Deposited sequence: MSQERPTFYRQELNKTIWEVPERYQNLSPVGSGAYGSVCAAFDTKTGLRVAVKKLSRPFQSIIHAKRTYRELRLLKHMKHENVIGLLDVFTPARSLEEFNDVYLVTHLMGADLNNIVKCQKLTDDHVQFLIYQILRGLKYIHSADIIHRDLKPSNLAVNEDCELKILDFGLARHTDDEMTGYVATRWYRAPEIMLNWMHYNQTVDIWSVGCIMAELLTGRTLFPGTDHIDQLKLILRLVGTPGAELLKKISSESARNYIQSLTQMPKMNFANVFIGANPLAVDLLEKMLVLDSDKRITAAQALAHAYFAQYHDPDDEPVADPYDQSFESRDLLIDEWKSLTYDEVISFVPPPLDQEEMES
């Protein structure tokens, strides 16, 4: 056990090892810090109320398990995980540490008007990280520019997976019974469109508005999609929405690389069964200059059987404690 010093960052008490100096809030709570062990800037996240409820306890365990499993260049991974506690009894706080990239994609789009090459590299990396995430049978579920950290060389890492409404898949704007991994592809589509235009694709004011804007672009469900709607009332709620014809993306994203438009058409399909997968997208001609089938790795099997179980708070906290102790830092 290293030396743990205390500090106060905005009404919040922070107890971390001495290797972590210069804590600075960046906004659980997160603080930027200097790792005197590597000389690099890191992001330290202190979970709020880790074990306040069963749901909170399970979520804490979930996040720790996820982060400990992710080992990919384009996915946030764990540099360290610690707790001031010295035993299971005092165990009450969880701190996670990872690379601090510099900025998020949201900030990059604000100022800089990205070139086609930029959007190729950026989207390529997101898909490369996604292929890895999806290979572990994990769904991000909330991909958006603020969840994408980028460094000075525009290298990217995906944050907060497996845990605005502008990038959410239409099926997840409805409580459609069990969605697949392509909900993440829909999000990538929305992100790509925005990196290309500099404008939000579907900037809905609220829930209803969001769906209306999506339908104006991709049109109302065709016959083939309708045939798969098991719910009768949901089937009418669809047709009750103004009939919208599918827009030709070429006429929407004027001046964009034709291959970019083609890819967007394959990601922004209303029917999730017809959406391009991450692996397929990586082989699309749009990424010819970045694609390397021998350098787009997949993950080791991820045991997530814990998701189906209902345990007591102390049980979830004990399991979380076990994961903290069993942690082996990167090379």
## Note on the structure
Check: deposited residues absent from the model (no CA) fall at 1 to 4, 32 to 35, 172 to 184, 353 to 360
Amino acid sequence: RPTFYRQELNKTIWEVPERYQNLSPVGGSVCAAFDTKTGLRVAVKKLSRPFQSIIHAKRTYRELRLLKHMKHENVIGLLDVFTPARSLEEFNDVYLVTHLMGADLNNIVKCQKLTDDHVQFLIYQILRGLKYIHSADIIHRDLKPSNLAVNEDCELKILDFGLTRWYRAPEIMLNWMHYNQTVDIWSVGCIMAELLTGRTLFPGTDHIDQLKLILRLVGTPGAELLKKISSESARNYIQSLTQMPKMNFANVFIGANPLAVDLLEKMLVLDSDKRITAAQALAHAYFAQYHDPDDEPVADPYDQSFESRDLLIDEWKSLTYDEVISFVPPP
From here on, numbers count along this sequence of modelled residues.
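Throughout, rigid core stands for the largest set of C-alpha atoms superposing within 1.5 Å between the two forms.
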### Query
Which is farther from the shown form in 9 other deposited structures of this protein in C-alpha RMS with the core fitted, 303 to 311 or 319 to 327?
303 to 311
### Summary
In terms of RMS C-alpha distance in 9 other deposited structures of this protein following rigid core superposition, 67 to 75 and 153 to 161 differ, and the farther one is 153 to 161
### Query
Counting the other entries of this protein, is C111 left out in at least a third of them?
yes
### Task
Output the stretch having the higher mean C-alpha B factor in the entry; the candidates are 90 to 98 and 190 to 198.
90 to 98
### Query
If you average the Cα B factors in the entry, which is higher, 303 to 311 or 11 to 19?
11 to 19
### Query
Which one of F82, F253, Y167, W176 shows the top CA temperature factor in the record?
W176
### Query
Considering only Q120, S135, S240, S146, which residue's Cα atom bears the greatest B-factor as recorded?
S240
### Record-listed C-alpha B factor of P221: chain third
middle
### Task
Among all modelled residues of this chain, ranked by Cα B factor, put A57 in the bottom, middle or top third, i.e. lowest, middle or highest.
middle
### Summary
By the entry's values, the third containing the CA B factor of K71 is the lowest
### Message
Among the modelled residues of this chain, does the Cα B factor of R128 put it in the lowest, middle or highest third?
### Response
lowest
### Task
Quick one: classify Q210 as lowest, middle or highest third of the chain based on its Cα B-factor.
lowest
